[PDB]
$ cat model35.txt   # compact mmCIF, N, CA and C atoms
# COMPACT_ATOMS: atom_id res chain seq x y z
N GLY A 1 2.57 22.40 30.59
CA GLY A 1 1.75 23.51 31.01
C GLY A 1 0.37 23.49 30.38
N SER A 2 0.03 24.56 29.67
CA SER A 2 -1.27 24.66 29.02
C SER A 2 -1.25 23.97 27.66
N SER A 3 -2.26 23.15 27.40
CA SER A 3 -2.35 22.43 26.14
C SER A 3 -3.58 22.87 25.35
N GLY A 4 -3.55 22.65 24.04
CA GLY A 4 -4.66 23.04 23.19
C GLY A 4 -4.22 23.83 21.97
N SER A 5 -3.88 23.12 20.90
CA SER A 5 -3.44 23.76 19.67
C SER A 5 -4.52 23.69 18.60
N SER A 6 -4.42 24.57 17.61
CA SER A 6 -5.40 24.62 16.52
C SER A 6 -5.02 23.64 15.41
N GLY A 7 -6.02 23.16 14.68
CA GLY A 7 -5.78 22.23 13.60
C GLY A 7 -6.35 22.70 12.28
N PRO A 8 -7.57 22.24 11.96
CA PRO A 8 -8.25 22.61 10.72
C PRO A 8 -8.69 24.07 10.71
N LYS A 9 -9.42 24.46 9.67
CA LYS A 9 -9.91 25.83 9.54
C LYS A 9 -11.40 25.85 9.24
N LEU A 10 -12.09 26.86 9.76
CA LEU A 10 -13.52 27.00 9.54
C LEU A 10 -13.82 28.13 8.56
N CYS A 11 -14.34 27.77 7.39
CA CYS A 11 -14.67 28.75 6.36
C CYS A 11 -16.15 28.69 6.01
N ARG A 12 -16.76 29.86 5.81
CA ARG A 12 -18.17 29.93 5.47
C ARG A 12 -18.36 30.37 4.02
N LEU A 13 -18.93 29.48 3.22
CA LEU A 13 -19.17 29.77 1.80
C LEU A 13 -20.45 30.57 1.62
N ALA A 14 -20.51 31.35 0.54
CA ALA A 14 -21.68 32.16 0.25
C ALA A 14 -22.06 32.06 -1.23
N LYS A 15 -23.19 31.42 -1.49
CA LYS A 15 -23.67 31.25 -2.86
C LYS A 15 -23.84 32.60 -3.55
N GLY A 16 -23.16 32.78 -4.68
CA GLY A 16 -23.25 34.03 -5.41
C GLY A 16 -23.89 33.85 -6.77
N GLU A 17 -23.17 33.21 -7.69
CA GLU A 17 -23.67 32.98 -9.04
C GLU A 17 -23.46 31.53 -9.46
N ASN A 18 -24.38 31.01 -10.26
CA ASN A 18 -24.30 29.64 -10.74
C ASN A 18 -23.80 28.71 -9.63
N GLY A 19 -24.21 28.99 -8.40
CA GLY A 19 -23.80 28.17 -7.28
C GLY A 19 -22.37 28.46 -6.84
N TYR A 20 -21.77 27.51 -6.13
CA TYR A 20 -20.40 27.68 -5.65
C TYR A 20 -19.40 27.43 -6.77
N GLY A 21 -18.53 28.41 -7.00
CA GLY A 21 -17.53 28.29 -8.04
C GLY A 21 -16.82 26.95 -8.01
N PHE A 22 -16.31 26.59 -6.84
CA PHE A 22 -15.60 25.32 -6.67
C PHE A 22 -16.54 24.14 -6.89
N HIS A 23 -15.96 22.97 -7.13
CA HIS A 23 -16.74 21.76 -7.35
C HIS A 23 -16.17 20.59 -6.55
N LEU A 24 -16.86 19.46 -6.59
CA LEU A 24 -16.43 18.26 -5.87
C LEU A 24 -15.98 17.17 -6.83
N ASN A 25 -15.10 16.30 -6.36
CA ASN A 25 -14.59 15.21 -7.19
C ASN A 25 -14.43 13.94 -6.36
N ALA A 26 -15.08 12.86 -6.80
CA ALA A 26 -15.00 11.58 -6.10
C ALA A 26 -13.70 10.86 -6.43
N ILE A 27 -12.87 10.65 -5.41
CA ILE A 27 -11.60 9.97 -5.58
C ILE A 27 -11.67 8.53 -5.09
N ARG A 28 -11.35 7.59 -5.98
CA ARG A 28 -11.38 6.17 -5.64
C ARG A 28 -10.17 5.79 -4.79
N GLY A 29 -10.42 5.52 -3.51
CA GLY A 29 -9.34 5.15 -2.61
C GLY A 29 -9.45 5.84 -1.26
N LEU A 30 -9.81 7.12 -1.28
CA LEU A 30 -9.94 7.90 -0.06
C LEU A 30 -11.40 8.27 0.20
N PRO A 31 -11.79 8.28 1.48
CA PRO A 31 -13.16 8.62 1.88
C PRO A 31 -13.48 10.09 1.67
N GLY A 32 -14.74 10.46 1.87
CA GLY A 32 -15.15 11.84 1.69
C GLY A 32 -14.91 12.34 0.28
N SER A 33 -15.09 13.64 0.08
CA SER A 33 -14.89 14.25 -1.23
C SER A 33 -13.70 15.20 -1.21
N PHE A 34 -13.48 15.89 -2.32
CA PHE A 34 -12.37 16.84 -2.44
C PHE A 34 -12.77 18.04 -3.29
N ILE A 35 -12.16 19.18 -3.00
CA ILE A 35 -12.45 20.41 -3.74
C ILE A 35 -11.63 20.48 -5.02
N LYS A 36 -12.31 20.72 -6.14
CA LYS A 36 -11.64 20.82 -7.44
C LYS A 36 -12.34 21.84 -8.33
N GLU A 37 -11.57 22.48 -9.20
CA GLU A 37 -12.12 23.48 -10.11
C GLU A 37 -12.56 24.73 -9.35
N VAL A 38 -11.74 25.16 -8.39
CA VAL A 38 -12.05 26.34 -7.59
C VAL A 38 -11.49 27.60 -8.23
N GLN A 39 -12.37 28.41 -8.80
CA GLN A 39 -11.96 29.65 -9.45
C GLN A 39 -11.46 30.66 -8.42
N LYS A 40 -10.53 31.52 -8.85
CA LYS A 40 -9.97 32.53 -7.97
C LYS A 40 -10.83 33.79 -7.96
N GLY A 41 -11.40 34.11 -6.80
CA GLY A 41 -12.24 35.29 -6.69
C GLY A 41 -13.67 34.95 -6.31
N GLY A 42 -14.01 33.66 -6.38
CA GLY A 42 -15.35 33.23 -6.03
C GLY A 42 -15.55 33.10 -4.53
N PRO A 43 -16.62 32.39 -4.14
CA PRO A 43 -16.95 32.18 -2.72
C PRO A 43 -15.95 31.26 -2.03
N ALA A 44 -15.50 30.24 -2.75
CA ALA A 44 -14.54 29.28 -2.21
C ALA A 44 -13.20 29.94 -1.94
N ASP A 45 -12.55 30.42 -2.99
CA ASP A 45 -11.25 31.07 -2.87
C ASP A 45 -11.28 32.11 -1.75
N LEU A 46 -12.21 33.06 -1.85
CA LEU A 46 -12.34 34.11 -0.85
C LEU A 46 -12.29 33.53 0.56
N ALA A 47 -13.02 32.44 0.77
CA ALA A 47 -13.07 31.78 2.07
C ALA A 47 -11.71 31.17 2.42
N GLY A 48 -10.96 30.79 1.40
CA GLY A 48 -9.65 30.20 1.62
C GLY A 48 -9.62 28.72 1.28
N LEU A 49 -10.28 28.35 0.19
CA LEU A 49 -10.33 26.96 -0.24
C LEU A 49 -9.45 26.73 -1.47
N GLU A 50 -8.87 25.54 -1.56
CA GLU A 50 -8.01 25.20 -2.69
C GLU A 50 -8.54 23.98 -3.43
N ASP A 51 -7.84 23.58 -4.48
CA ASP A 51 -8.24 22.43 -5.28
C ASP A 51 -7.71 21.14 -4.67
N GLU A 52 -7.14 21.24 -3.48
CA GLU A 52 -6.60 20.08 -2.79
C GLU A 52 -7.28 19.87 -1.44
N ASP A 53 -8.09 20.84 -1.04
CA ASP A 53 -8.81 20.77 0.23
C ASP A 53 -9.85 19.66 0.21
N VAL A 54 -10.08 19.05 1.36
CA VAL A 54 -11.05 17.97 1.48
C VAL A 54 -12.19 18.35 2.41
N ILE A 55 -13.35 17.72 2.21
CA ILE A 55 -14.51 17.99 3.04
C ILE A 55 -14.66 16.95 4.15
N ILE A 56 -14.33 17.35 5.37
CA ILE A 56 -14.43 16.45 6.52
C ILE A 56 -15.85 16.42 7.07
N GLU A 57 -16.47 17.59 7.18
CA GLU A 57 -17.83 17.69 7.69
C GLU A 57 -18.62 18.76 6.93
N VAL A 58 -19.88 18.94 7.32
CA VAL A 58 -20.74 19.92 6.67
C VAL A 58 -21.94 20.26 7.55
N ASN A 59 -21.94 21.47 8.10
CA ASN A 59 -23.02 21.93 8.96
C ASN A 59 -22.99 21.20 10.30
N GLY A 60 -21.79 20.91 10.78
CA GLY A 60 -21.64 20.22 12.05
C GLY A 60 -21.98 18.75 11.95
N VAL A 61 -21.26 18.04 11.08
CA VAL A 61 -21.49 16.61 10.89
C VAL A 61 -20.34 15.97 10.12
N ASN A 62 -19.83 14.86 10.64
CA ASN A 62 -18.73 14.15 10.00
C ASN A 62 -19.22 13.34 8.81
N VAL A 63 -19.02 13.88 7.61
CA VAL A 63 -19.44 13.21 6.38
C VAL A 63 -18.26 12.51 5.71
N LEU A 64 -17.34 12.01 6.52
CA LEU A 64 -16.17 11.31 6.00
C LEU A 64 -16.56 10.00 5.32
N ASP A 65 -17.14 9.09 6.10
CA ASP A 65 -17.57 7.80 5.57
C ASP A 65 -18.65 7.98 4.51
N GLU A 66 -19.47 9.02 4.67
CA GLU A 66 -20.54 9.30 3.72
C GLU A 66 -20.00 9.36 2.30
N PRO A 67 -20.81 8.88 1.34
CA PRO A 67 -20.43 8.87 -0.08
C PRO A 67 -20.40 10.27 -0.68
N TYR A 68 -20.22 10.35 -1.99
CA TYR A 68 -20.17 11.63 -2.68
C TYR A 68 -21.58 12.16 -2.94
N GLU A 69 -22.54 11.25 -3.04
CA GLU A 69 -23.93 11.63 -3.29
C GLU A 69 -24.57 12.20 -2.02
N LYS A 70 -24.14 11.70 -0.87
CA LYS A 70 -24.67 12.16 0.41
C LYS A 70 -24.08 13.51 0.79
N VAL A 71 -22.76 13.61 0.73
CA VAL A 71 -22.07 14.85 1.07
C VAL A 71 -22.54 16.00 0.18
N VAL A 72 -22.61 15.74 -1.12
CA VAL A 72 -23.05 16.75 -2.08
C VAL A 72 -24.46 17.23 -1.77
N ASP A 73 -25.39 16.28 -1.64
CA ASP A 73 -26.78 16.61 -1.34
C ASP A 73 -26.87 17.55 -0.14
N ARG A 74 -26.03 17.31 0.86
CA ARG A 74 -26.01 18.14 2.06
C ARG A 74 -25.64 19.58 1.72
N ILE A 75 -24.61 19.74 0.90
CA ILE A 75 -24.16 21.07 0.50
C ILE A 75 -25.17 21.74 -0.42
N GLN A 76 -25.81 20.95 -1.28
CA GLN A 76 -26.80 21.47 -2.21
C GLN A 76 -28.06 21.92 -1.47
N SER A 77 -28.54 21.07 -0.57
CA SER A 77 -29.74 21.37 0.20
C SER A 77 -29.53 22.60 1.07
N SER A 78 -28.35 22.69 1.69
CA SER A 78 -28.02 23.81 2.56
C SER A 78 -28.64 25.10 2.03
N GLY A 79 -28.51 25.33 0.73
CA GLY A 79 -29.06 26.53 0.13
C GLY A 79 -27.99 27.44 -0.45
N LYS A 80 -27.88 28.64 0.11
CA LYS A 80 -26.89 29.61 -0.35
C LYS A 80 -25.60 29.48 0.44
N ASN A 81 -25.71 29.56 1.76
CA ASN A 81 -24.55 29.45 2.64
C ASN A 81 -24.36 28.02 3.12
N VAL A 82 -23.11 27.61 3.30
CA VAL A 82 -22.80 26.27 3.76
C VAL A 82 -21.41 26.21 4.40
N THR A 83 -21.31 25.48 5.50
CA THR A 83 -20.04 25.35 6.21
C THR A 83 -19.38 24.01 5.91
N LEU A 84 -18.05 24.01 5.84
CA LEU A 84 -17.30 22.79 5.55
C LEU A 84 -15.95 22.81 6.25
N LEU A 85 -15.60 21.70 6.89
CA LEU A 85 -14.33 21.59 7.60
C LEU A 85 -13.26 20.96 6.71
N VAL A 86 -12.24 21.74 6.38
CA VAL A 86 -11.15 21.25 5.53
C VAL A 86 -9.88 21.04 6.35
N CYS A 87 -9.20 19.92 6.10
CA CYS A 87 -7.97 19.61 6.81
C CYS A 87 -7.13 18.61 6.01
N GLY A 88 -5.87 18.97 5.77
CA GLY A 88 -4.98 18.10 5.02
C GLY A 88 -4.05 18.87 4.10
N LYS A 89 -3.95 18.43 2.85
CA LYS A 89 -3.08 19.08 1.88
C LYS A 89 -3.29 20.59 1.90
N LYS A 90 -2.25 21.33 1.51
CA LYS A 90 -2.32 22.79 1.48
C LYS A 90 -1.78 23.33 0.16
N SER A 91 -0.54 22.96 -0.17
CA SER A 91 0.09 23.41 -1.40
C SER A 91 1.36 22.62 -1.68
N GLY A 92 1.68 22.46 -2.96
CA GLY A 92 2.87 21.71 -3.34
C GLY A 92 4.15 22.46 -3.01
N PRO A 93 5.29 21.82 -3.29
CA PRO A 93 6.61 22.41 -3.03
C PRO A 93 6.92 23.58 -3.96
N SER A 94 7.04 24.77 -3.39
CA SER A 94 7.33 25.97 -4.17
C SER A 94 8.59 26.66 -3.65
N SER A 95 9.30 27.33 -4.55
CA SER A 95 10.53 28.03 -4.18
C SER A 95 10.22 29.44 -3.69
N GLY A 96 9.52 30.21 -4.52
CA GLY A 96 9.16 31.57 -4.15
C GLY A 96 7.73 31.91 -4.50
$ encode --input "model35.txt" --output "structure tokens"
Amino acid sequence: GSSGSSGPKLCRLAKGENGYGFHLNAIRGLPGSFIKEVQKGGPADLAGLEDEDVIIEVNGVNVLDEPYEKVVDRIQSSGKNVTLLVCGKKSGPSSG
């Protein structure tokens, strides 16, 4: 019948203090960057970002192959607000 399911999530960050609470970490082996050191209550968390989320794009652009210096610069230049497409890990195995 009708096809078309949802995948990733669209979150809009808002620069508040000392920049974005969350940070980036270059992982040797996988492309793009990853979210790490995301404080609870900041712009990232509020938007729904975790320390396992990855940055697929930024401002309507696939920055997967792009290095960590390129992706970061894009988020830094953006200014206060910046968009990022996250898709992948969500949370580890939990009981309750």
$ residues_around --input "model35.txt" --residues "segment 5-18 of chain A" --least-positions-apart "2" --cutoff "8 Å" --atoms "all atoms listed in the file" --output "short mmCIF file (atom, residue, chain, number, x, y, z; two decimals) with N, CA and C atoms, keeping the file's coordinate frame"
data_model
loop_
_atom_site.label_atom_id
_atom_site.label_comp_id
_atom_site.auth_asym_id
_atom_site.auth_seq_id
_atom_site.Cartn_x
_atom_site.Cartn_y
_atom_site.Cartn_z
N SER A 2 0.03 24.56 29.67
CA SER A 2 -1.27 24.66 29.02
C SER A 2 -1.25 23.97 27.66
N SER A 3 -2.26 23.15 27.40
CA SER A 3 -2.35 22.43 26.14
C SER A 3 -3.58 22.87 25.35
N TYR A 20 -21.77 27.51 -6.13
CA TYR A 20 -20.40 27.68 -5.65
C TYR A 20 -19.40 27.43 -6.77
N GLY A 21 -18.53 28.41 -7.00
CA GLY A 21 -17.53 28.29 -8.04
C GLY A 21 -16.82 26.95 -8.01
N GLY A 42 -14.01 33.66 -6.38
CA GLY A 42 -15.35 33.23 -6.03
C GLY A 42 -15.55 33.10 -4.53
N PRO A 43 -16.62 32.39 -4.14
CA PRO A 43 -16.95 32.18 -2.72
C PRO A 43 -15.95 31.26 -2.03
N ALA A 44 -15.50 30.24 -2.75
CA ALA A 44 -14.54 29.28 -2.21
C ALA A 44 -13.20 29.94 -1.94
N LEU A 46 -12.21 33.06 -1.85
CA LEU A 46 -12.34 34.11 -0.85
C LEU A 46 -12.29 33.53 0.56
N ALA A 47 -13.02 32.44 0.77
CA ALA A 47 -13.07 31.78 2.07
C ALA A 47 -11.71 31.17 2.42
N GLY A 48 -10.96 30.79 1.40
CA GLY A 48 -9.65 30.20 1.62
C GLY A 48 -9.62 28.72 1.28
N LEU A 49 -10.28 28.35 0.19
CA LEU A 49 -10.33 26.96 -0.24
C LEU A 49 -9.45 26.73 -1.47
N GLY A 79 -28.51 25.33 0.73
CA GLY A 79 -29.06 26.53 0.13
C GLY A 79 -27.99 27.44 -0.45
N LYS A 80 -27.88 28.64 0.11
CA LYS A 80 -26.89 29.61 -0.35
C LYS A 80 -25.60 29.48 0.44
N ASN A 81 -25.71 29.56 1.76
CA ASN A 81 -24.55 29.45 2.64
C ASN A 81 -24.36 28.02 3.12
N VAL A 82 -23.11 27.61 3.30
CA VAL A 82 -22.80 26.27 3.76
C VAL A 82 -21.41 26.21 4.40
N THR A 83 -21.31 25.48 5.50
CA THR A 83 -20.04 25.35 6.21
C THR A 83 -19.38 24.01 5.91
N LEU A 84 -18.05 24.01 5.84
CA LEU A 84 -17.30 22.79 5.55
C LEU A 84 -15.95 22.81 6.25
N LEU A 85 -15.60 21.70 6.89
CA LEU A 85 -14.33 21.59 7.60
C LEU A 85 -13.26 20.96 6.71
N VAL A 86 -12.24 21.74 6.38
CA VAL A 86 -11.15 21.25 5.53
C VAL A 86 -9.88 21.04 6.35
N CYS A 87 -9.20 19.92 6.10
CA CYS A 87 -7.97 19.61 6.81
C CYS A 87 -7.13 18.61 6.01
N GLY A 88 -5.87 18.97 5.77
CA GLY A 88 -4.98 18.10 5.02
C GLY A 88 -4.05 18.87 4.10
#
$ closest_residue --input "model35.txt" --among "A:89, A:19, A:31, A:4" --to "residue 68 of chain A" --atoms "only C-alpha atoms"
A:31
$ closest_residue --input "model35.txt" --among "A:64, A:77, A:96, A:24" --to "residue 51 of chain A" --atoms "only C-alpha atoms"
A:24
$ axis_aligned_box --input "model35.txt" --around "segment 36-40 of chain A" --padding-each-side "8 Å" --output "AutoDock Vina command-line options"
--center_x -11.3 --center_y 27.3 --center_z -8.1 --size_x 18.6 --size_y 29.1 --size_z 20.0
$ atom_distance --input "model35.txt" --atom1 "atom N of residue 92 of chain A" --atom2 "atom N of residue 52 of chain A"
8.9 Å
$ atom_distance --input "model35.txt" --atom1 "atom N of residue 69 of chain A" --atom2 "atom CA of residue 27 of chain A"
11.3 Å
$ atom_distance --input "model35.txt" --atom1 "atom C of residue 62 of chain A" --atom2 "atom N of residue 41 of chain A"
27.1 Å
$ closest_residue --input "model35.txt" --among "A:63, A:78, A:53, A:38" --to "residue 91 of chain A" --atoms "all atoms listed in the file"
A:53
$ select_by_dssp --input "model35.txt" --residues "segment 24-75 of chain A" --states "strand (DSSP E or B)" --output "PyMOL selection string"
chain A and resi 24+33-36+54-55+57-58+62
$ closest_residue --input "model35.txt" --among "A:1, A:37, A:95, A:58" --to "residue 71 of chain A" --atoms "only N, CA and C atoms"
A:58
$ residues_around --input "model35.txt" --residues "residue 33 of chain A" --least-positions-apart "3" --cutoff "6 Å" --atoms "all atoms listed in the file" --output "list in words"
residues 25, 26, 27, 54 and 55 of chain A
$ select_by_dssp --input "model35.txt" --residues "chain A" --states "alpha helix (DSSP H)" --output "list in words"
residues 43, 44, 45, 46, 47, 68, 69, 70, 71, 72, 73, 74, 75, 76, 77 and 78 of chain A
$ closest_residue --input "model35.txt" --among "A:40, A:35, A:30, A:90" --to "residue 66 of chain A" --atoms "only C-alpha atoms"
A:30
$ decode --input "model35.txt" --residues "segment 30-69 of chain A" --atoms "C-alpha atoms" --output "PDB file, in the first residue's frame"
ATOM      1  CA  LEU A  30      34.429   5.649  11.338  1.00  0.00           C
ATOM      2  CA  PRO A  31      33.668   8.691   9.144  1.00  0.00           C
ATOM      3  CA  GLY A  32      32.125  11.935  10.359  1.00  0.00           C
ATOM      4  CA  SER A  33      32.201  13.009  14.000  1.00  0.00           C
ATOM      5  CA  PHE A  34      30.375  12.036  17.192  1.00  0.00           C
ATOM      6  CA  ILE A  35      28.704  13.817  20.107  1.00  0.00           C
ATOM      7  CA  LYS A  36      30.523  13.564  23.438  1.00  0.00           C
ATOM      8  CA  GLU A  37      30.488  15.391  26.775  1.00  0.00           C
ATOM      9  CA  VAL A  38      26.846  16.434  26.420  1.00  0.00           C
ATOM     10  CA  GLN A  39      25.659  17.994  29.677  1.00  0.00           C
ATOM     11  CA  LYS A  40      22.066  17.418  30.784  1.00  0.00           C
ATOM     12  CA  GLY A  41      20.000  20.588  30.528  1.00  0.00           C
ATOM     13  CA  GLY A  42      21.985  22.369  27.844  1.00  0.00           C
ATOM     14  CA  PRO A  43      21.107  23.065  24.192  1.00  0.00           C
ATOM     15  CA  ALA A  44      22.095  19.578  23.040  1.00  0.00           C
ATOM     16  CA  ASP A  45      20.242  17.517  25.645  1.00  0.00           C
ATOM     17  CA  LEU A  46      17.138  19.701  25.376  1.00  0.00           C
ATOM     18  CA  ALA A  47      17.146  19.079  21.624  1.00  0.00           C
ATOM     19  CA  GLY A  48      17.507  15.361  22.277  1.00  0.00           C
ATOM     20  CA  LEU A  49      21.190  14.633  21.705  1.00  0.00           C
ATOM     21  CA  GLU A  50      23.282  11.961  23.423  1.00  0.00           C
ATOM     22  CA  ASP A  51      26.967  11.109  23.825  1.00  0.00           C
ATOM     23  CA  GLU A  52      26.536   8.395  21.195  1.00  0.00           C
ATOM     24  CA  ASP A  53      24.798  10.450  18.507  1.00  0.00           C
ATOM     25  CA  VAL A  54      26.673  11.077  15.257  1.00  0.00           C
ATOM     26  CA  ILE A  55      26.718  14.051  12.889  1.00  0.00           C
ATOM     27  CA  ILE A  56      25.567  13.020   9.415  1.00  0.00           C
ATOM     28  CA  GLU A  57      24.978  16.512   8.029  1.00  0.00           C
ATOM     29  CA  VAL A  58      24.947  20.182   9.028  1.00  0.00           C
ATOM     30  CA  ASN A  59      22.770  22.948   7.585  1.00  0.00           C
ATOM     31  CA  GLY A  60      21.580  20.718   4.758  1.00  0.00           C
ATOM     32  CA  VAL A  61      24.826  19.033   3.740  1.00  0.00           C
ATOM     33  CA  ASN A  62      26.287  15.534   4.024  1.00  0.00           C
ATOM     34  CA  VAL A  63      29.475  16.011   6.045  1.00  0.00           C
ATOM     35  CA  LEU A  64      30.060  12.272   6.423  1.00  0.00           C
ATOM     36  CA  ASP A  65      33.244  11.965   4.364  1.00  0.00           C
ATOM     37  CA  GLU A  66      34.276  15.419   5.580  1.00  0.00           C
ATOM     38  CA  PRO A  67      36.968  15.417   8.300  1.00  0.00           C
ATOM     39  CA  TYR A  68      36.600  16.627  11.887  1.00  0.00           C
ATOM     40  CA  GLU A  69      38.131  20.011  11.066  1.00  0.00           C
TER      41      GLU A  69
END
